[PDB]
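Accompanying notes for the structure given below.
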Amino acid sequence: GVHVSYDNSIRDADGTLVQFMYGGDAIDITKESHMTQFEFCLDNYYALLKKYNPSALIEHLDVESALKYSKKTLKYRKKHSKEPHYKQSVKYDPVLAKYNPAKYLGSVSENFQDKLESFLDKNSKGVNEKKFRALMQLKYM
Amino acid sequence: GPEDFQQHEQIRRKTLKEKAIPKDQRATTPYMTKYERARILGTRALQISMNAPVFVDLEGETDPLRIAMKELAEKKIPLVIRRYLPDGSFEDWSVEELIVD
Amino acid sequence: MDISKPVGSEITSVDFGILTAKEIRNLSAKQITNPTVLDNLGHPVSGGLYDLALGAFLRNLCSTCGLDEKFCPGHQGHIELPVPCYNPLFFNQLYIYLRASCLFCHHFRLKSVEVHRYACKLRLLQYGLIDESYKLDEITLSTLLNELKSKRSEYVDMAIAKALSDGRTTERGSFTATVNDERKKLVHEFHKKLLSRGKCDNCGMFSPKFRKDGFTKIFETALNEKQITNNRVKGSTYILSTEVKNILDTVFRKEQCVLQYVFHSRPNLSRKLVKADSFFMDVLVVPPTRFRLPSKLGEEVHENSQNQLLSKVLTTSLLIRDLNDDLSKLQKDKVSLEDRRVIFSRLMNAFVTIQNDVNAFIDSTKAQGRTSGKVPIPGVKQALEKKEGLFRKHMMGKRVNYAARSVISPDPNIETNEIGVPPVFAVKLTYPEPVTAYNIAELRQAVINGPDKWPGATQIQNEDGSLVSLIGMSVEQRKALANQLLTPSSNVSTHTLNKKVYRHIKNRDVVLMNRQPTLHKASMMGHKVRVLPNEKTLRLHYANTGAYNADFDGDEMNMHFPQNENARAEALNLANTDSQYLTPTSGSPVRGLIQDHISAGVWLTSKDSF
Amino acid sequence: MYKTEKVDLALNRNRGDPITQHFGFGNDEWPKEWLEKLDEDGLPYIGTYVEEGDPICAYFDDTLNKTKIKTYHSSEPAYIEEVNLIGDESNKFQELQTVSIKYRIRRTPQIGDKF
Amino acid sequence: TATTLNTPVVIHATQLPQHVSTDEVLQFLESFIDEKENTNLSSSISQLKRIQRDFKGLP
Amino acid sequence: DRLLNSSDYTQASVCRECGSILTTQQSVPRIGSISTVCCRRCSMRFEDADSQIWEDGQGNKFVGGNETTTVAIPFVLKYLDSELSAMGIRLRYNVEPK
Amino acid sequence: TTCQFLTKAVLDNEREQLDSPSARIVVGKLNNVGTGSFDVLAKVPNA
Amino acid sequence: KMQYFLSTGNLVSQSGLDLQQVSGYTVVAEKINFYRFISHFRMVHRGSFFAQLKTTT
Amino acid sequence: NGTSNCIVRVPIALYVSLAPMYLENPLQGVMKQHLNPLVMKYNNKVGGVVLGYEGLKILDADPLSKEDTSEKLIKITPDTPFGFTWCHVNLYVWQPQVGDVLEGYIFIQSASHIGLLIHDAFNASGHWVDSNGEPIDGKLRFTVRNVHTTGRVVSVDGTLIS
RNA sequence: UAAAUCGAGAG
DNA sequence: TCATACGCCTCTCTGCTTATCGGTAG
DNA sequence: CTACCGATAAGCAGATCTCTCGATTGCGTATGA
Ligand SMILES: Nc1ncnc2c1ncn2[C@@H]1O[C@H](COP(=O)(O)CP(=O)(O)OP(=O)(O)O)[C@@H](O)[C@H]1O
Ligand SMILES: [Mg+2]
Ligand SMILES: [Zn+2]
Ligand SMILES: [Zn+2]
Ligand SMILES: [Zn+2]
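Respectively, the protein sequence lines represent chains V, L, P, U, X, C, R, S and A.
Here the first sequence stands for residues 1029 to 1153, 1160 to 1175, numbered as in the entry's author numbering.
Here the second sequence stands for residues 54 to 154, numbered as in the entry's author numbering.
Here the third sequence stands for residues 1 to 141, 175 to 268, 312 to 686, numbered as in the entry's author numbering.
Here the fourth sequence stands for residues 803 to 917, numbered as in the entry's author numbering.
Here the fifth sequence stands for residues 12 to 49, 80 to 100, numbered as in the entry's author numbering.
Here the sixth sequence stands for residues 1090 to 1138, 1155 to 1203, numbered as in the entry's author numbering.
Here the seventh sequence stands for residues 1617 to 1663, numbered as in the entry's author numbering.
Here the eighth sequence stands for residues 460 to 516, numbered as in the entry's author numbering.
Here the ninth sequence stands for residues 32 to 156, 215 to 251, numbered as in the entry's author numbering.
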């Protein structure tokens, strides 16, 4: 009976909540295959962009709030990374908790965002980091 | 004709109105899920097979499902999707606002 | 299902309940009296188990609705048991409630304050106040007890009132898994505490201790030597079903306050009082003749097992009724003590045997009495319980129309998403295409071709459900029917409908193709159909074998044909084989060429090949 | 394929009642097309093509006063191979009651046949 | 017949009956056919045209 | 489609208030009438009480109870409900457009 | 244990709303998972 | 009685004959092929009592 | 007639089914599917034989929509393209009442029964001598003590005495 | 046309 | 003498549930 | 001192994919023939 609801929170048929997010990220296991392959995505950027068409996915999307909160939270965690697990008092919850990942571009997981930032920092490459980040955030959405 | 039915009708419509989520605050996925697309295509094909009026050019097509897919491509399907939330509240999206893929 | 026959009403919810003796007497169409199913001639006998008021039998018109066998829904009947009989389902509850009760003050052996606290807790949990129930315990704070009862009741009344106004609960009560668990735990603890302590504190009197020997006999033990002393200071017989029924009826009438919340998981909006004459069945309900039809070989006719059980029921009932009549004359004509005593012992044995009989009728395992036997007739419970029972074999899985099965053979010449449908399957499986302006030419050609030449049609379902078969029609008749395919309907009621042509499965259709055991999603996809007119095997491409886990091996797998547009569009899109490229187990791909295509690629892609 | 079936007429009158069903043809208006697969004594000709719906044996019953026929009960076409008339060990020289009929079905190798 | 194609599933009356106001049924009778013909072949008009003139004149 | 629409689909009548499927039945017309579907439990015998009364097949006259609708249910559900009624358990089905 | 769970549900008059797939299958209702997790309405242009 | 035993496989006895199982004592000597036929006469069974226990030793 | 209107307007709230072919013309589709057959037929729920209707409405399934919107919502059943929706319409129904006075003509006369035609549209069931000697004519006041409605058309019976 | 038990098999 | 209807005619796992021997306060 | 409360010891109850064939169906007895 347990199934994904329209709140992105999975729950049983009667209504009792089991998880607030599918695995914490609400990403499909079938479509997770090429979300970490940053090299492959960079290589086929043009084909992936033609597939996704971000131009037609703007009038029904919000792009700024989720990205701002994600940057703030990322800086917060980086500042507080060298802290014990129990002492890490929560002031900024993960962006997925508040902003719907299916409606707010940039509301991605902490693991995916960390991997994307590490790849963009270690690999300095016409595609710039901004367009690649936007494409991969749309891919996550 | 009793008020013992008027009261029931009034309370039913009141509960239904309190259930509906206003268009200004629906917070679901703007995209059309695969299940929604499949159900819309099937229902439109059923209606076409039952002699409902069509809006697209029938370029030598005999499959109601194919006609439904053509209408969905042209975004001329006159159907409204009532997404249901776990408590009972619903948001009345239509195929026009919903974007495919 | 016919898409031209819409149904408006829907079964929103189902609530269980216990049938009362009054309604079934009002509901029934006839009372079954004699235990003779069939007479010498085989004609149904009035008052028997196959009475014509219980449903049309064979060629006999039903005497209740006046309809033939195929048209008679089957009207239920009832029988009148002579003595109230214990329901074998509720016998544990009967035992629990007969124990932990006082026969003198007609209350439970628990304190009135304790049962009031439990009733208040259960009433709070009815609406879902899972916290107020625990907060009620801290109101501990002979004459003050009446005030304590009011204080707890006042707290319960306002706790519900504040929860209903602000929207935390509606008047129907909130029921969730955790409140159900808390209610179950509370009820279990309540029963355990009830059964624990004797010496009923309402009047301070010891009560006899009951015992059971099977599910039909209940005995009680008198008070012991130390126990018999204190009974008068205040100032292993066999008990009867009638007197236990009276005792429990009076006890329930006295303790309705707690019993209502014990016997309801939701607020009792119906306000109906619970009664102890619910574990006791004075009337049995016989299923209609349609559900009790007899088995039939070519000649070997076998009786219904339910009919045998009900006939034995009626035999025992008639014997008891005759013995009671003989008991009456032995009393008006006064005789010696033993003369009535022997037949009274026989009557008690008859009561015991009718209890065992009803226990056997409901539950086969609870039956007592078997020396050698051949096979113990399953009860109605045995018809719904095991893997072969009604549930797991007839609603959790059913045999399906419009579906085929055969051996699979490979075919690398189909487009890795299609199925090779043999022409033998292609002439039997059909789809109900309704005729329209765009479908008229194709369906006219199919009707003209007929049920034997693929592509073709086998039936032409009219607007008013009239099915016209094309099996025994000539070419001229089929041509005339195709000409009369799309015509303006004269009937006003059927002016919104059009004829449906049961066309053969064409090349554009989609089928569900499944292999057992289905260990995951991929073992049941939807392939497009390709009609290969050679032989009689379902021909499958080579990529699907990895997901289906089959070899062309003598392996067999089914092929279901969905019969409506929703299922077509939803097997073509959601269940189609293209969408199952990656299994959800770990996201790894599951399709691809297997054995010689790999070697061919290794040899072709080597740089030694020009 | 070799398959045999036993046409036991004396299976409904299992009691001591005398014979009420005899092999052969009655005097009613039975169809004349029954003689294209059945002999004069209500038995199938040897080497006969029998398919679904084709008569297998003709028996006459003294009660219904009609000529009824048993029927082949398989979709696979078959050939009549052997017809045996089984007698009764009882002293009573009863009529022909039980008859054994053997079929022959050509199992040529089609695809799907395991080798 | 009597299917969900020509008969309502439920025909509950919402309110109490109300007699005809303004004393003239012609405010509806003259406008009933005005919106009808400006099928139903079950004497739906044949026997319905005999109830309008009687309140006005003679048949 | 695999479990109901193509296995045991039946448009069985149902009573709106009693919520029972096999308690309903058909009536016997007098002359040129219509065999309307009626509920046995709903109907009251004419002793305890035209187009208001319906009779059974044995000549008994029952008044009232002639409100019911049609629902799409499997037949095995009806068989299970009959088996439960044999156990003394009543299943009540709530019909939406009451 | 169809018998045991039937008594435990009929003693307390457990009304069920037909939410799990098993109940909907028993009563022959459209499921609530997947394509049955929503309704479909028609935009009719009347006067 | 012996013909019934042969035609059904069930062993009806008042002592049990020191044999654990009751049914499945006679099998039809199938003649699909001579290998099958001759294999019928050389086979042995551990007993139908051993066809249900889960001890694979 | 007998100083009684006998023509009562009874609004109803009926649950109907709309065909897929009546989608761009839904109100007319509903009226032609359900309301037109009810004309000139005796319906017990409304009270009597319906003479007509006016003021058809379709109850929207989107409550937040206005009450004057020209585009309404019909609920489509999962198993069937047919749509079900509530409706509101006023029914003009002839409502005879038992024990009252009704005026009706006589068209067909028989040996036993007298054929009374109320407004020449209420079927019911050779000059002779009356109480005053006047020949039997159509104009008379009869009673409605007994009403026949088992047949396809409702009928009334009665006698001059009250 | 049935229903149960046993036996022999296929994946 | 002798036939068919009536009357029966012994080698696995998880809990739950009840009964009975110890202890603490009053 | 003795009743309420636990803590084992024992017993009890419920469990441990589809498809095709074939074969088979009780003794026992007791009275009207
Ligand atoms: N008890 C059982 N349950 C389910 N499936 C079974 C089964 N017993 C056998 N099978 C089937 O028998 C077939 C054997 O296939 P597998 O042994 O699993 C692949 P394999 O070992 O590579 O065979 P190969 O050596 O012939 O190439 C499977 O398709 C399996 O479904
Ligand atoms: Mg294989
Ligand atoms: Zn009947
Ligand atoms: Zn007491
Ligand atoms: Zn009812």
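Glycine included, each C-beta is placed from N, C-alpha and C at the ideal position.
Asked, Found
"Is any heavy atom in ligand 4 found nearer than 7 Å to the beta carbon of P:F328?", "no"
"Determine the chain C residues that contact R:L1622 at a beta-carbon separation under 9 Å, and present them in chain order.", "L1189, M1192, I1194"
"With distances taken between CB atoms, is the gap from V:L1124 to V:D1053 smaller than 8 Å?", "yes"
"What does U:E838 pair with, by DSSP beta-bridge criteria?", "In DSSP, U:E838 forms no bridge with anything."
"Are P:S13 and R:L1622 closer than 8 Å when you measure CB to CB?", "no"
"Tell me whether A:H119 sits in a helix, a strand or coil according to DSSP, three-state version.", "strand"
"State yes or no: is the C-beta of P:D51 within less than 8 Å of the C-beta of P:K30?", "yes"
"What residues in the region 84–100 of chain A have a beta carbon less than 7 Å from any beta carbon of chain X?", "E85"
"Could you please give the first and the last residue of the uninterrupted alpha helix (DSSP H) stretch that includes P:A210?", "210–229"
"Is there at least one non-hydrogen atom of ligand 5 closer than 7 Å to the beta-carbon of C:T1099?", "no"
"Considering only their Cβ atoms, is the gap separating P:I516 from P:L562 smaller than 8 Å?", "yes"
"Please tell me whether residue 802 of chain U has its Cβ less than 8 Å away from any Cβ of chain P.", "As displayed, chain U neither begins before 803 nor continues past 917, which places residue 802 of chain U out of reach and without an answer."
"How would you write the range of the beta strand (DSSP E) that P:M633 sits in, first residue to last?", "632–636"
"Would you mind giving the Cβ-Cβ distance between P:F16 and R:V1626, rounded to the nearest angstrom? I have them listed as a contact below 8 Å.", "4 Å"
"Could you name the residues of chain L that X:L27 contacts, counting a contact when the two beta carbons are closer than 9 Å?", "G54, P55, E56"
"What do you reckon, are the CB atoms on X:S85 and A:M71 nearer than 8 Å?", "yes"
"Which same chain residues, not among the five before or five after P:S101, have their C-beta less than 6 Å away from its C-beta?", "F108, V327"
"Output needed in chain order: residues of the region 74–101 of chain P with a Cβ under 8 Å from some Cβ in chain C.", "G74, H75, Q76, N87, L89"
"Which same chain residues, not among the five before or five after P:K372, have their C-beta less than 6 Å away from its C-beta?", "none"
"Using a Cβ cut-off of 8 Å, which residues of the region 427–442 of chain P contact any Cβ in chain C, in chain order?", "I438"
"Could you please give the first and the last residue of the uninterrupted beta strand (DSSP E) stretch that includes S:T514?", "Unbroken run through S:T514: none, as it is neither H nor E."
"Is P:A626 close to ligand 1? I mean its beta-carbon at under 7 Å from any heavy atom of the ligand.", "yes"
"Quick one: what does DSSP say V:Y1132 is sitting in, helix, strand or coil?", "strand"
"Using a Cβ-Cβ cutoff of 8 Å, what residues of the region 1118–1133 of chain C are near chain P? List them in chain order.", "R1129, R1130"
"What's the C-alpha gap between P:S664 and U:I903?", "59 Å"
"When the Cα atoms are used, what is the spatial distance from P:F252 to P:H106?", "20 Å"
"Roughly how many angstroms separate the alpha carbons of P:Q535 and P:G526, rounded to a whole number?", "9 Å"
"When you compare the CB of X:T33 with every CB in chain A, is at least one pair closer than 8 Å?", "no"
"So does C:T1112 have its beta carbon nearer than 7 Å to some heavy atom of ligand 3?", "no"
"Is any heavy atom of ligand 3 found at a distance shorter than 7 Å from the C-beta of V:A1041?", "no"
"Does the beta carbon of X:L89 sit closer than 8 Å to a beta carbon anywhere in chain P?", "no"
"What runs of the beta strand (DSSP E), each 3 residues or longer, lie entirely inside the region 62–98 of chain A?", "81–89"
"R:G1644 versus chain C: which residues are under 7 Å apart at the beta carbon?", "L1093, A1177, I1178, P1179, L1182"
"On the CB-based measure, 16 or more other CB atoms within 10 Å of its CB, does P:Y118 come out buried or exposed?", "buried"
"Buried or exposed for R:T1651, please, with buried defined as at least 16 other CB atoms from any protein chain shown within 10 angstroms of its CB.", "buried"
"Report yes if the CB atom of L:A73 is closer than 8 Å to the CB atom of A:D91, and no otherwise.", "no"
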